[PDB]
Each structure stands twice: as C-alpha cells, then as structure tokens.
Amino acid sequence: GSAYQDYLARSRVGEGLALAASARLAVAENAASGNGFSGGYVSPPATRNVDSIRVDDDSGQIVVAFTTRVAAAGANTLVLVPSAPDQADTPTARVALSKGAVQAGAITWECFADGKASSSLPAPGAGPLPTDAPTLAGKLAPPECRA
C-alpha cells in the first residue's frame, strides 16, 4: 500500500525472519549429527507477525508464514532453502540436504520470495528451489529474497 505501510510490513517481515533463525539453527545442528532436519524443533507460538514456521524433515526447507497484518492469505510466505557443497574445498556444485548423512561441509541458506524463479547462488553453483512456492511479495522481503 502506502510507503509507510510497506515500510512497516518490511520491518515486521524482518522480525519474523529473525524468529525463523531458530529453525535454521535446528536444521543445521541436525545435519551435523545425521538426524532428521526437524528433529527436536517445534514452531514458536503464533505472534502478531508470524502465523507459523515449519521445517521439512527431509530437505530442511523452512516455510515462514506471515499474518494478514503483514500480507494477505496466499500472499504471505517466504521459503528458506539449505544446501551443502559437494566438497568443502574448491567446491563443484550444490546439493540438497540428505537425511542421515553427517554433514561436514557448511550449510548455505537461500531465501525466496514470490517471483524468485531461480537460485542466485554463486560458485560452486545454483542451490535447490523451494518445494512450496513462496508467495510474499518481493517488495516486502529483504533484497536477497527477491528475483
């Protein structure tokens, strides 16, 4: 809407992504120990900015769902995608996380908003795409989430 309304919404999206850091933490810790990526993790209680944060147990992808005070229903999600290198010295490509593998290489997170149709990850290569299409408008998301 108005410039102030977008400014307010962007600040709230930023707060919601800080909340989701605990899910990205859980995924990375589970990757290091070879456990399912949502193991030990439960979404925080709803806030007035974030309806839910969910973690896929097999890919580690995270869906952050914002409330209607941030964006409309069906237009309110960001997706955070983790990936690992094929090898952690001069890497060749990027792969989705593998349940049960002990992940030595560091895990890279890529954010996706609506309209980001492809990964922007640099060398060693493109990362995986969101399984569930994110629907939050790019102008409400941080720049790294946008197309």
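All residue numbers refer to positions in the sequence shown, first residue = 1.
Would you tell me which stretch averages the higher CA B-factor in the PDB entry, 65-73 or 34-42?
Stretch with the greater average CA B-factor: 65-73.
Give the stretch, out of 122-130 and 5-13, with the larger mean C-alpha temperature factor in the deposited entry.
Looking at the recorded C-alpha B-factors, 122-130 comes out higher on average.
Would you mind checking which of 55, 28, 102, 78 has the top Cα temperature factor in the PDB entry?
Top of the list by C-alpha B-factor: 102.
Looking at 88, 117, 50, 113, which one carries the largest C-alpha B-factor according to the PDB entry?
Max CA B-factor in the entry, restricted to 88, 117, 50, 113: 88.
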